[PDB]
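Engineer: Got a structure for you, questions after.
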Amino acid sequence: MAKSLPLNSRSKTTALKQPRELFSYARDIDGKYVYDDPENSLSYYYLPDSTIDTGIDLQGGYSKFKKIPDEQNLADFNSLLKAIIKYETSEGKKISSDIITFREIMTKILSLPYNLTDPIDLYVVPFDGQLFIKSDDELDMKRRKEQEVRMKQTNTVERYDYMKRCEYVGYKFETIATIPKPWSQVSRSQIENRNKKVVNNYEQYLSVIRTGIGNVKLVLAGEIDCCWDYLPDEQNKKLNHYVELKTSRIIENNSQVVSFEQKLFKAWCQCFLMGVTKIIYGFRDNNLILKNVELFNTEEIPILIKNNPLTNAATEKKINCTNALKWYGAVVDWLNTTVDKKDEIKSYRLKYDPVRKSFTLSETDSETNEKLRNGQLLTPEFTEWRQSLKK
């Protein structure tokens with residue numbers, strides 16, 4: 001049985017906390033995490049207009065694509081806690097936050113209002129005065145699986161192959177737009193030979209930030225694509241220099257104008273939540289050749305969506321970013337006023353049910369609440385480490 005939040009809930013408040021990076025960690029070419037010197041894993045954006053003019057083929061190398069199987073690539077709470085231990089150890093203290101979770105989780109919530117057909121299924125878990133929130137993985141995988149089989153069964157073999165190559169365009173773009181070190185420390189041939197480099201999606205640089213909304217405090221782990229220019233030593237300045245990289249088809253008609261608006265909004269959700277101030281889009285034609293690249297400043301995106309004449313639509317259907325924010329804040333304040341964070345015996349389920357227009361918080365089963373507390377979310381080491389701070 002459930003508590004539910006009217007989908008028309010909107011905070012009035014939106015006092016906004018300035019995001020700040022706490023630490024980072026990484027994943028390597030084989031899937032393994034890395035807690036020491038993760039900065040060695042941070043690439044740097046490098047893609048001069050002159051080179052774009054060469055007409056880079058974003059499907060070069062498709063065949064050799066080194067791709068992590070989906071099950072291995074679910075947002076991993078184990079490594080993150082493991083990462084979190086290291087940093088709290090050093091601080092001599094635990095992170096002040098009302099919530100701790102991956103940021104894709106919050107992106108979905110923040111973007112829900114204009115993505116009303118997309119389910120959301122997550123677990124919520126009280127522990128040490130804080131809420132821990134991971135995604136119902138089982139469910140997720142089973143959808144990706146069944147969505148996969150639809151796409152295969154309802155399309156021609158060529159249309160399916162093309163969709164698969166589009167998925168690769170994203171990684172390939174990241175590969176030919178970044179360099180592993182800054183410009184000063186990299187050779188001219190390391191630069192000119194990126195287009196041959198074998199593409200993988202194993203390697204990741206992950207940042208854990210502290211942020212907040214109204215009077216609630218959040219910690220978000222999320223992936224960062226690269227650094228814009230350089231990475232300052234100064235802690236509270238690092239987020240200002242990351243870039244998100246995306247790619248999109250060139251825009252031909254009005255139908256694509258709105259499709260692009262909706263992508264751009266999603267991306268603004270992700271980056272706003274993370275404090276990433278820069279979004280680059282590489283626009284590629286139907287032969288998956290890169291045509292031009294355009295940088296957006298995150299904080300300007302709301303203004304561009306509001307003022308597009310082509311996409312003036314119905315108030316309830318028009319993307320407004322503030323209105324989503326007011327929704328977001330109304331969500332987290334609900335999570336923050338509904339669960340006794342201190343009561344660490346039961347867990348919950350966040351469900352958004354698209355068919356039933358329901359946003360439900362409901363207590364989980366008892367085995368449920370167990371396995372989350374014993375290895376599925378919380379780990380022996382983290383649980384242990386966290387208690388020993390009062391002892």
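Residues in the structure tokens are numbered from 1 in each chain, the chains being A, B, ... in the order shown, and ligands are numbered from 1 in the order shown.
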Excluding segment 128-144 of chain A and its own-chain neighbours fewer than 4 positions away, which residues fall within 7 Å of it when counting only C-alpha atoms? Please give them as an mmCIF file with C-alpha atoms, in the first residue's frame.
Structural biologist:
data_model
loop_
_atom_site.group_PDB
_atom_site.id
_atom_site.type_symbol
_atom_site.label_atom_id
_atom_site.label_comp_id
_atom_site.auth_asym_id
_atom_site.auth_seq_id
_atom_site.Cartn_x
_atom_site.Cartn_y
_atom_site.Cartn_z
ATOM 1 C CA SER A 97 23.509 14.967 2.813
ATOM 2 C CA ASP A 98 19.808 14.189 3.156
ATOM 3 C CA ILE A 99 20.093 11.923 0.019
ATOM 4 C CA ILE A 100 22.780 9.965 -1.805
ATOM 5 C CA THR A 101 22.268 8.496 -5.309
ATOM 6 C CA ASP A 121 11.276 2.197 -10.603
ATOM 7 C CA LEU A 122 13.643 2.791 -7.702
ATOM 8 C CA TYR A 123 14.400 1.677 -4.234
ATOM 9 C CA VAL A 124 14.780 4.053 -1.303
ATOM 10 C CA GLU A 148 15.647 -4.738 -27.820
ATOM 11 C CA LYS A 341 15.415 8.674 7.875
ATOM 12 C CA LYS A 342 16.173 7.335 11.394
#
Engineer: Using only C-alpha atoms, which residues of segment 67-168 of chain A come within 12 Å of segment 231-253 of chain A, and what is the closest atom pair for each, with the distance in Å to one decimal? Give it as CSV, sorted by chain and residue number.
Structural biologist:
residue,atom,partner,partner_atom,distance
A:166,CA,A:248,CA,9.2
A:167,CA,A:247,CA,9.9
A:168,CA,A:247,CA,10.4
Engineer: Keeping C-alpha atoms, export the residues of the selection given above as a PDB file, in the first residue's frame.
Structural biologist:
ATOM      1  CA  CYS A 166      23.633   5.580 -34.399  1.00  0.00           C
ATOM      2  CA  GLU A 167      24.164   4.262 -30.836  1.00  0.00           C
ATOM      3  CA  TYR A 168      27.897   4.024 -31.659  1.00  0.00           C
TER       4      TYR A 168
END
Engineer: Fewer than 4 positions away in the same chain doesn't count, so skip those; otherwise give me all residues within 9 Å of residue 288 of chain A, counting only C-alpha atoms, as a ChimeraX atom specification.
Structural biologist: /A:56-59,165-166,169,249,283-284
Engineer: Could you dump the residues just selected with N, CA, C and O atoms as an mmCIF file, in the first residue's frame?
Structural biologist:
data_model
loop_
_atom_site.group_PDB
_atom_site.id
_atom_site.type_symbol
_atom_site.label_atom_id
_atom_site.label_comp_id
_atom_site.auth_asym_id
_atom_site.auth_seq_id
_atom_site.Cartn_x
_atom_site.Cartn_y
_atom_site.Cartn_z
ATOM 1 N N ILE A 56 34.413 14.176 -40.682
ATOM 2 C CA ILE A 56 34.726 12.968 -39.917
ATOM 3 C C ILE A 56 33.600 11.947 -39.990
ATOM 4 O O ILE A 56 32.442 12.277 -39.801
ATOM 5 N N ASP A 57 33.940 10.698 -40.256
ATOM 6 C CA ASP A 57 32.935 9.671 -40.387
ATOM 7 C C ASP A 57 32.719 9.013 -39.018
ATOM 8 O O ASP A 57 33.568 8.288 -38.502
ATOM 9 N N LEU A 58 31.561 9.287 -38.423
ATOM 10 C CA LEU A 58 31.259 8.771 -37.099
ATOM 11 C C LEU A 58 30.832 7.302 -37.074
ATOM 12 O O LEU A 58 30.376 6.829 -36.050
ATOM 13 N N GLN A 59 30.940 6.576 -38.186
ATOM 14 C CA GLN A 59 30.779 5.136 -38.090
ATOM 15 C C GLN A 59 32.027 4.335 -38.387
ATOM 16 O O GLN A 59 31.992 3.110 -38.237
ATOM 17 N N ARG A 165 24.270 1.488 -35.372
ATOM 18 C CA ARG A 165 25.355 2.401 -35.681
ATOM 19 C C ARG A 165 25.157 3.808 -35.084
ATOM 20 O O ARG A 165 26.125 4.442 -34.670
ATOM 21 N N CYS A 166 23.914 4.275 -35.012
ATOM 22 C CA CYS A 166 23.633 5.580 -34.399
ATOM 23 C C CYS A 166 24.047 5.519 -32.932
ATOM 24 O O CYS A 166 24.649 6.459 -32.432
ATOM 25 N N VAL A 169 27.667 6.206 -32.787
ATOM 26 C CA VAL A 169 28.035 7.592 -33.101
ATOM 27 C C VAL A 169 28.383 8.420 -31.886
ATOM 28 O O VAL A 169 29.315 9.207 -31.903
ATOM 29 N N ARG A 249 21.084 14.232 -35.183
ATOM 30 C CA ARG A 249 20.898 14.373 -36.599
ATOM 31 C C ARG A 249 20.788 15.818 -36.968
ATOM 32 O O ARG A 249 20.349 16.635 -36.164
ATOM 33 N N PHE A 283 26.469 17.366 -34.921
ATOM 34 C CA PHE A 283 25.318 17.109 -35.765
ATOM 35 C C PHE A 283 25.831 16.331 -36.914
ATOM 36 O O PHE A 283 26.781 16.724 -37.566
ATOM 37 N N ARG A 284 25.189 15.230 -37.181
ATOM 38 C CA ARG A 284 25.690 14.337 -38.183
ATOM 39 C C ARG A 284 24.594 14.004 -39.139
ATOM 40 O O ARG A 284 23.427 13.924 -38.746
#
Engineer: Determine which residues of segment 66-272 of chain A DSSP labels as strand (DSSP E) from the backbone of this structure, then write them out as a PyMOL selection string.
Structural biologist: chain A and resi 99-102+120-127+130-135+178-179+204-213+216-224+226-227+242-249
Engineer: Nearest residue to residue 321 of chain A out of A:50, A:388, A:201, A:111, using only C-alpha atoms?
Structural biologist: A:111
Engineer: Excluding residue 183 of chain A and residues on its chain fewer than 2 positions from it, collect all residues at most 10 Å away from it, counting only C-alpha atoms, and give them as a ChimeraX atom specification.
Structural biologist: /A:44-46,179-181,185-188,191,229-230
Engineer: Might you pull out every residue within 7 Å of residue 327 of chain A, with only C-alpha atoms counted and same-chain residues fewer than 4 positions away left off, and present them as a PyMOL selection string?
Structural biologist: chain A and resi 9-11+323+331
Engineer: Would you pick out the contacts of residue 95 of chain A at 12 Å or less, using only C-alpha atoms, so that residues sharing its chain but fewer than 5 positions from it are not included, and give the list as number ranges by chain?
Structural biologist: A: 22-23, 81, 84-90, 100, 128-130, 208-211, 217-220, 386, 389
Engineer: Since we have the selection now, will you write its residues out, keeping N, CA, C and O atoms, as a CSV table (one decimal), in the first residue's frame?
Structural biologist:
chain,number,residue,atom,x,y,z
A,22,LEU,N,33.0,16.7,-4.8
A,22,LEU,CA,33.6,16.2,-3.6
A,22,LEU,C,34.8,15.3,-3.9
A,22,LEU,O,35.9,15.4,-3.3
A,23,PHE,N,34.7,14.4,-4.9
A,23,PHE,CA,35.7,13.6,-5.4
A,23,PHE,C,35.3,13.0,-6.7
A,23,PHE,O,34.2,13.2,-7.2
A,81,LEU,N,30.1,3.4,-3.1
A,81,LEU,CA,30.3,3.4,-1.6
A,81,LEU,C,31.7,3.2,-1.3
A,81,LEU,O,32.2,3.9,-0.4
A,84,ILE,N,33.2,6.2,-1.8
A,84,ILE,CA,32.8,7.1,-0.7
A,84,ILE,C,33.5,6.9,0.7
A,84,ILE,O,33.7,7.9,1.4
A,85,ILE,N,33.8,5.7,0.9
A,85,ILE,CA,34.6,5.3,2.1
A,85,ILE,C,35.9,6.0,2.2
A,85,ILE,O,36.2,6.7,3.2
A,86,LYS,N,36.7,5.7,1.2
A,86,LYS,CA,38.0,6.5,1.0
A,86,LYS,C,37.9,8.0,1.3
A,86,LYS,O,38.7,8.5,2.1
A,87,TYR,N,36.9,8.6,0.7
A,87,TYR,CA,36.8,10.1,0.9
A,87,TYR,C,36.4,10.5,2.3
A,87,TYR,O,36.8,11.5,2.8
A,88,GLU,N,35.5,9.7,2.9
A,88,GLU,CA,35.0,10.0,4.2
A,88,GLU,C,36.0,9.7,5.3
A,88,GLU,O,36.2,10.3,6.3
A,89,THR,N,36.8,8.6,5.0
A,89,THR,CA,37.9,8.3,5.8
A,89,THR,C,38.8,9.5,5.9
A,89,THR,O,39.1,10.0,7.0
A,90,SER,N,39.3,10.0,4.8
A,90,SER,CA,40.2,11.1,4.7
A,90,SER,C,39.7,12.3,5.4
A,90,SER,O,40.4,12.9,6.2
A,100,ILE,N,21.6,10.4,-1.0
A,100,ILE,CA,22.8,10.0,-1.8
A,100,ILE,C,22.3,9.0,-2.9
A,100,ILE,O,21.7,8.0,-2.6
A,128,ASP,N,21.9,5.7,8.5
A,128,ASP,CA,22.7,6.7,9.0
A,128,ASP,C,22.2,8.1,8.7
A,128,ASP,O,23.0,9.0,8.4
A,129,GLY,N,20.9,8.4,8.8
A,129,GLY,CA,20.4,9.7,8.8
A,129,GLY,C,20.2,10.3,7.4
A,129,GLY,O,19.9,11.5,7.2
A,130,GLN,N,20.3,9.4,6.4
A,130,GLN,CA,20.3,9.7,5.0
A,130,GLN,C,19.6,8.7,4.1
A,130,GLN,O,19.5,7.5,4.5
A,208,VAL,N,31.4,12.7,-8.0
A,208,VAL,CA,30.4,12.7,-7.0
A,208,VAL,C,30.3,14.1,-6.5
A,208,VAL,O,31.3,14.7,-6.1
A,209,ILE,N,29.1,14.7,-6.6
A,209,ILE,CA,29.0,16.1,-6.2
A,209,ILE,C,28.0,16.3,-5.0
A,209,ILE,O,27.2,15.4,-4.8
A,210,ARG,N,28.2,17.3,-4.3
A,210,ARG,CA,27.2,17.7,-3.3
A,210,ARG,C,26.4,18.8,-3.9
A,210,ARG,O,26.9,19.7,-4.3
A,211,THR,N,25.0,18.6,-3.9
A,211,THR,CA,24.2,19.8,-4.3
A,211,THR,C,22.9,19.9,-3.4
A,211,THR,O,22.8,19.2,-2.4
A,217,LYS,N,19.4,18.5,0.9
A,217,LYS,CA,20.8,18.3,0.5
A,217,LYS,C,21.0,17.0,-0.2
A,217,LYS,O,20.5,15.9,0.4
A,218,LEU,N,21.6,17.0,-1.3
A,218,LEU,CA,21.8,15.8,-2.2
A,218,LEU,C,23.2,15.5,-2.5
A,218,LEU,O,24.0,16.5,-2.8
A,219,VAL,N,23.6,14.3,-2.6
A,219,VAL,CA,24.8,13.9,-3.3
A,219,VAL,C,24.5,13.1,-4.6
A,219,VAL,O,23.8,12.1,-4.5
A,220,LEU,N,25.2,13.5,-5.6
A,220,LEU,CA,25.0,12.8,-6.9
A,220,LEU,C,26.2,12.2,-7.5
A,220,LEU,O,27.2,13.0,-7.7
A,386,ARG,N,30.5,2.9,8.4
A,386,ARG,CA,29.7,4.1,8.8
A,386,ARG,C,29.3,4.1,10.3
A,386,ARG,O,29.1,5.2,10.9
A,389,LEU,N,32.0,5.3,13.2
A,389,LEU,CA,32.3,6.8,13.3
A,389,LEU,C,31.6,7.3,14.6
A,389,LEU,O,31.8,8.5,14.9
Engineer: Name the residues of segment 50-172 of chain A that come out as alpha helix (DSSP H) in a backbone DSSP run; write them as JSON, numbers by chain.
Structural biologist: {"A": [50, 51, 52, 77, 78, 79, 80, 81, 82, 83, 84, 85, 86, 87, 88, 89, 90, 91, 103, 104, 105, 106, 107, 108, 109, 110, 111, 137, 138, 139, 140, 141, 142, 143, 144, 145, 146, 147, 148, 149, 150, 151, 152, 153, 157, 158, 159, 160, 161, 162, 163, 164, 165, 166, 167, 168, 169, 170, 171, 172]}
